[PDB]
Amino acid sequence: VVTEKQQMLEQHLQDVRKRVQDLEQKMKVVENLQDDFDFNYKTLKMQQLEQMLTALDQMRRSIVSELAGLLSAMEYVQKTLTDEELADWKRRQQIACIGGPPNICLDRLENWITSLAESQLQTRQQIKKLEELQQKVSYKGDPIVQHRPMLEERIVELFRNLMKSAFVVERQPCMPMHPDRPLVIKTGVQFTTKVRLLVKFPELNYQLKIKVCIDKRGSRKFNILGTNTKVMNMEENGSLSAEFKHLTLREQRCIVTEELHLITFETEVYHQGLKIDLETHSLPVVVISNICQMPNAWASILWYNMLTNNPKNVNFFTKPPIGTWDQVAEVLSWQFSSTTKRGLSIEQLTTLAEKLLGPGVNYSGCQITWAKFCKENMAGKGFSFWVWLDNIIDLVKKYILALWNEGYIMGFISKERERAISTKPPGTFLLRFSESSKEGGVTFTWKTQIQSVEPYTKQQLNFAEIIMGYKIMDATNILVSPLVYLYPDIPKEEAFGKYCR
């Protein structure tokens, strides 16, 4: 969809696109009225020269002040493009990295930037057309001579920046085998990143070679390996980009999941006779040694994005900021909505808000520190909040995926609150995650006292049957049955029978 700030932008842009049509014209007309003058003077080589000149001077004056104003105009819109609607995208990328509401399609921005740069480049060819007359007809008091060096300088500035800013990291660095784990890369593993130049110029095609490096205190300095450089070209929406598939890492030899490193891409550009200094970098990355540090890092990733939107601040954990539950809550939800077709209801999100902050009402302004989140172990438990939860995710994703599809999983529910269930017909059941087991456990629940069996870990799930079998042989020496009706009142057959062989 289009915001109304975007209206103003695609607007601003066509108004400039329009002034370059007018200047386009003015230039043509004045060039002619100056050729008549040249001819009349090379023909008399008496008055319609003394005047023709008083006139040409008034053209120059107008044309030149027309350009000054046109530039003042491009200065404006570029700032609304770059500093506003681009920063906007960059932050929306940040957030879509950690499973947030996506849509970071560089198209709208590419046309706006492409359009603006196309203008600026015609405007440079206008100012050049001026120094053409600064040469065919000049005189003392020549407006051109004392304004064209000026304008040239000015417009070149504008492009130089627009150009630089148009250089981004389209798709952040990420191992193809850990798609959901971007910005966290294991040394020795091969990944794929990708840059894009939002000044889609067909002339530039194939003309740009990008060179990605890596770091250039006390931290571990690494070094990328393989096809270290790539040439930028228009292959796939014919946009200027270079993808670096098959890149590996290693460590320059001779904490860790809290250590950030930046990757830099670079290439110079020479066009219409100019040297441009192009270079962009990726969102801070945590490099790991073993796939065990996978979570503890992905944690840092999330914590960084969720908070600061600063792209260059590796020493983020030099003093990690705080983070009201609200934000955290949302972020957590995403992980589910990202992979699955569901996140966390404010219900499961509460028995979980407390599962962290403990007892209390309304967990909103409730500040959570980095430590708290995962740097610290749960009250009784022998592990941390995050650590525990990461498998609860991987569990849902890998095992019991389409199984969690239609809810079916209360997942998070205070063992206590799990009592008011002391309502339905004896036999109805839940589906929770063991709060005690670090490697993820999916159990179940049934004065008709209540009873939740021993959780079942991943190795076991090697479940639509544990819910169709489990007899719990009885005391009346009768291998009883698996308590029916999912929480609602759904007899475990229309809910469970489908996925059954």
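When you see a residue number, it is the position in the sequence shown, counting from 1.
Colleague: Between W446 and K447, determine how many residues of the deposited chain lack coordinates; answer none if the chain runs continuously, otherwise 1 to 3, 4 to 9, or 10 or more.
Modeller: The entry has 4 to 9 unmodelled residues between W446 and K447.
Colleague: How many missing residues of the deposited sequence lie between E236 and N237 in the entry, grouped as none, 1 to 3, 4 to 9, or 10 or more?
Modeller: In the record, 1 to 3 residues between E236 and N237 lack coordinates.
Colleague: Which wins on mean Cα temperature factor, 486 to 494 or 16 to 24?
Modeller: Comparing 486 to 494 with 16 to 24, the higher mean C-alpha B-factor belongs to 486 to 494.
Colleague: Compare the mean C-alpha B-factor of 91 to 99 with that of 391 to 399 as given in the PDB entry, and name the stretch with the higher value.
Modeller: 391 to 399 has the higher mean C-alpha B-factor.
Colleague: For the CA B factor values reported in this entry, which option in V64, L70, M46, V30 has the top one?
Modeller: Answer, based on the entry's C-alpha B-factors: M46.
Colleague: With respect to the C-alpha temperature factors reported in the PDB entry, which of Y76, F201, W404, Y270 ranks highest?
Modeller: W404 has the highest C-alpha B-factor of those listed.
Colleague: What third of the chain does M59 rank in for C-alpha temperature factor, lowest, middle or highest?
Modeller: It falls in the bottom third of the chain.
Colleague: Relative to the other modelled residues in the chain, which third contains the C-alpha temperature factor of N362: lowest, middle or highest?
Modeller: Within its chain, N362 is a highest-third residue by C-alpha B-factor, going by the deposited values.
Colleague: What third of the chain, by the recorded C-alpha B-factor, contains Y408?
Modeller: CA B-factor rank for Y408: highest third.
Colleague: Please place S414 in the lowest, middle or highest third of its chain by C-alpha B factor as given in the entry.
Modeller: Top third by C-alpha B-factor.
Colleague: Can you work out whether the C-alpha temperature factor of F429 puts it in the lowest, middle or highest third of the chain?
Modeller: Ranked within chain, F429 CA B lands in the highest tercile.
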